[PDB]
Protein chains: 2
Amino acid sequence: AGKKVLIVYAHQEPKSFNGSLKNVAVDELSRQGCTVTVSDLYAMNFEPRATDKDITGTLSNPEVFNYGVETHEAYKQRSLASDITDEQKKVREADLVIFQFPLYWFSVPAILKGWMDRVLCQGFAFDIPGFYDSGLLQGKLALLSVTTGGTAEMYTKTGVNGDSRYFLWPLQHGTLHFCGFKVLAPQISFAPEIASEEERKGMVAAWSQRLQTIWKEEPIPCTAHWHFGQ
Amino acid sequence: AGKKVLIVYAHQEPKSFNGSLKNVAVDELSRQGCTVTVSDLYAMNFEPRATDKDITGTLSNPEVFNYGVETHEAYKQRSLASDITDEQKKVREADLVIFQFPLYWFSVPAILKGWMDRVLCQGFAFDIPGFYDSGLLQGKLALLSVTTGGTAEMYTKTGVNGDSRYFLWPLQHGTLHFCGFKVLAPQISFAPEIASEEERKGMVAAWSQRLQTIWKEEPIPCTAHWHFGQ
Ligand SMILES: Cc1cc2nc3c(=O)[nH]c(=O)nc-3n(C[C@H](O)[C@H](O)[C@H](O)COP(=O)(O)OP(=O)(O)OC[C@H]3O[C@@H](n4cnc5c(N)ncnc54)[C@H](O)[C@@H]3O)c2cc1C
Ligand SMILES: Cc1cc2nc3c(=O)[nH]c(=O)nc-3n(C[C@H](O)[C@H](O)[C@H](O)COP(=O)(O)OP(=O)(O)OC[C@H]3O[C@@H](n4cnc5c(N)ncnc54)[C@H](O)[C@@H]3O)c2cc1C
Ligand SMILES: COc1ccc2c(C)cc(=O)n(C)c2c1OC
Ligand SMILES: COc1ccc2c(C)cc(=O)n(C)c2c1OC
Ligand SMILES: [Zn+2]
Ligand SMILES: [Zn+2]
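These notes cover the structure that comes with them.

What counts, and at which threshold
Residue labels reflect position in each chain's written sequence, counted from 1, rather than necessarily the entry's numbering. Residues lacking coordinates are not shown. Going through the entries in the order they are written, you letter the chains from A and number the ligands from 1. The basis for every side-chain value is the complete set of heavy atoms in the structure, and neither hydrogens nor water enter the calculation. Numbering of helices and strands starts at the N terminus; helices are DSSP runs of H or I of at least 4 residues and strands are runs of E of at least 2. Two residues form a contact once any of their heavy atoms are found within 4.5 Å. Note on donors: an N, O or S atom is included if it sits within 2.8 Å of the metal, or within 3.2 Å for Na, K and Ca, and water is never included, so sites can look incomplete. By the criteria applied here, four donors are tetrahedral when all angles lie between 85 and 135 degrees, four are square planar and six octahedral when opposite donors are over 155 degrees apart and every other angle lies between 65 and 115, and any other arrangement is irregular. As a working definition, buried area equals the accessible area (1.4 Å probe) given up by two parts on being put together, with both sides summed. Between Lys or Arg on one side and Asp or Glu on the other, a salt bridge is scored when a side-chain nitrogen of the former is within 4 Å of a carboxyl oxygen of the latter. In the analysis that follows, any N or O atom pair within 3.5 Å is treated as a polar contact, provided that within protein one partner can donate a hydrogen and the other can accept it, and provided that, for residues neighboring in sequence, both atoms belong to side chains.

## Here we look at the environment of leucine 168 of chain A
Residues and elements named next belong to chain A.
Alright, step 1. Position of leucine 168 relative to the elements: it lies in helix α5 (residues 164-177).
Alright, step 2. Taking the C-alpha atoms as reference points, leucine 168 and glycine 130, separated by 38 residues in sequence, lie 22 Å from one another.
Alright, step 3. With near-sequence residues (within four places) excluded, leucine 168 lies in contact with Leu144, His173, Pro186, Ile188, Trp226 and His227.

This is how it looks when you write it as structure tokens:
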């Protein structure tokens, strides 16, 4: 009701549990009067590879390609590929960025990892200095909404997988806090394929219900202690 | 003697520090008489997206697409896409898989995340049962050779980045251990771009020297305690 939300969504099947979670977020944030945009990466055939195709201008060093140096220069010159600048405009305008995905290998699907690698370039999301609490997306909120195959109990300190917060570190800390975001507590929807039809319904509703009051939430302290203890 | 090694390499520029690390690994392992294969993912234009193109012929469930179910059934029915099956043949023959990459957002570059997501499928790399210590690639060694932009000091427990071990978790534990690899100690080449000249010529030589005795190494204990503990 005076806020813009971007949902960066990474699932191939609109009928999936991820699809239901993205759709309930759109329904409830639209109901509240928020402005909502969804980047549906598979439907966009979003390019995940970091390549020299991402810079259209004269390179700074055409003899030895360095993706970080070339994209930083490209951002400043306005010569990055348009798919990257299209996503940067959505991020720049958003007050909250929700990432909706299934956990692949304790991380994001590669199509979403390529969104982070290509969209969050130096100059746009961070600079040196200008990272962690001084990152360039300061003032914005981010939230990971993850689904898993593993049950909640597998994702505890003494379960097989270790605590769920452990796999969050490179994403919440190394990526989102690095860029200046404040991080809202993650939404983790555990083992929906194993769960009953009513259980999956309960998890979709629980997310809808959380979104009713998302603007009242405060972010986590995105530190080593929150993630690991000690 | 006799041993086979697969190097999965993820850098765009053959003249890079990563390139030099890959090329010294080829040179030294070939000198020792080992069988060496290199999957040069950018040069291959390797597909990182997990999509229904990864299954050939008719889908187990063509109304509701589930990548993990479809690719498990496809592996069993020898109907995965040829780029995937080509890589699984390389991994199946290998005794040691070396991943050579620059760290992107505390993790692998998306093109390499896509190799993990699409080659390490259920039935090939893991199953019920057959994970962690009993993963299906048990008997094989895996090793991360990672370059960073951050310095070793930045990568300490109280440093801005946290201990390196913290970002290694989803890769060493959640991916390589999970599939049954014994994980050799990562090779972490901290902050090459800012180093001399020498120092660099030298981190290459620590790696070539390490590789002289790689078959004598014992695997790390791939535990939460190794990654996070004291
Ligand atoms: C490469 C790969 C790597 C993986 N790595 C990991 C990992 O590291 N750790 C881990 O724990 N897991 C991992 N997984 C498993 C993956 O995380 C889960 O399969 C995924 O999280 C489940 O989400 P989904 O949307 O695909 O579930 P779905 O299979 O779509 O959802 C379960 C069921 O919910 C139903 N559903 C959809 N909407 C609703 C609704 N509104 N109400 C009721 N039911 C509904 C669907 O019809 C479906 O039958 C991996 C999978 C792959 C393919
Ligand atoms: C999206 C993105 C995300 C990133 N995220 C992170 C992150 O999370 N954390 C982090 O720490 N860093 C991050 N980085 C930085 C990245 O990890 C480093 O830039 C990379 O690791 C440096 O290795 P390189 O091969 O690319 O270096 P190069 O620049 O290719 O090498 C450094 C220098 O050594 C030269 N060289 C080549 N071969 C040799 C040799 N034989 N002997 C001596 N010198 C040689 C090179 O040409 C160059 O001058 C990120 C970069 C990008 C683009
Ligand atoms: C491809 O599927 C995968 C891949 C990896 C995992 C991991 C690392 C932990 C886990 O609990 N589950 C369920 C997984 C899974 O689901 C079967
Ligand atoms: C895109 O580039 C990036 C992206 C991320 C990092 C992080 C998380 C820590 C770090 O120390 N450095 C240097 C980084 C970097 O450097 C260029
Ligand atoms: Zn943090
Ligand atoms: Zn482990």
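## Concerning the coordination of the zinc ion (ligand 5)
Geometry reference: four tetrahedral donors at a metal, ideal angle 109.5 degrees. Six octahedral donors, ideal angles 90 or 180 degrees.
Residues and elements named next belong to chain A.
Alright, step 1. For the zinc ion (ligand 5), the protein coordination sphere consists of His173 (ND1), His177 (ND1), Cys222 (O) and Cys222 (SG), at 2.1 to 2.2 Å.
Alright, step 2. Coordination at the zinc ion (ligand 5) is tetrahedral: its four donor atoms span angles of 98 to 128° at the metal.
Alright, step 3. Between consecutive donors of the zinc ion (ligand 5), the numbers of intervening residues give the motif H-x3-H-x44-C. Pair noted here: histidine 177 is in helix α5 and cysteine 222 is in the loop between α6 (197-212) and α7 (224-228), with a separation of 45 residues, a long-range link.

## Regarding the coordination of the zinc ion (ligand 6)
All names here are of chain B.
Alright, step 1. The zinc ion (ligand 6) binds to the protein through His173 (ND1), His177 (ND1), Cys222 (O) and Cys222 (SG), with metal-donor distances spanning 1.9 to 2.2 Å.
Alright, step 2. One can describe the donor arrangement at the zinc ion (ligand 6) as tetrahedral, given that its four donor atoms subtend angles of 93 to 125° at the metal.
Alright, step 3. Here the donor residues of the zinc ion (ligand 6) share one chain and are spaced in sequence as H-x3-H-x44-C.

## Notes on the interface of chain B and chain A
Where the parts come together, the accessible area they lose is often given as the size of the interface.
Alright, step 1. At the interface, 48 residues of chain B touch 47 residues of chain A.
Alright, step 2. Summing the contributions of chain B and of chain A, the shared interface buries around 3900 Å²; its carbon and sulfur component is 62%.
Alright, step 3. A per-residue breakdown of the area chain B buries against chain A is headed by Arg49, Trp105 and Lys113 of chain B, which together make up 22% of the total.
Alright, step 4. Inspection of the chain B/chain A interface yields one salt bridge.
Alright, step 5. Measuring nitrogen to oxygen at the nearest pair gives 3.7 Å for the salt bridge that ties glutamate 63 of chain A to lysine 15 of chain B.
Alright, step 6. Counting across the chain B and chain A interface gives 23 residue pairs in polar contact.
Alright, step 7. Sorting elements by how many residues they give to the side of chain B that touches chain A places helix α5 (residues 164-177) of chain B first, with seven residues.

These values are about where atoms sit, not about what they do.
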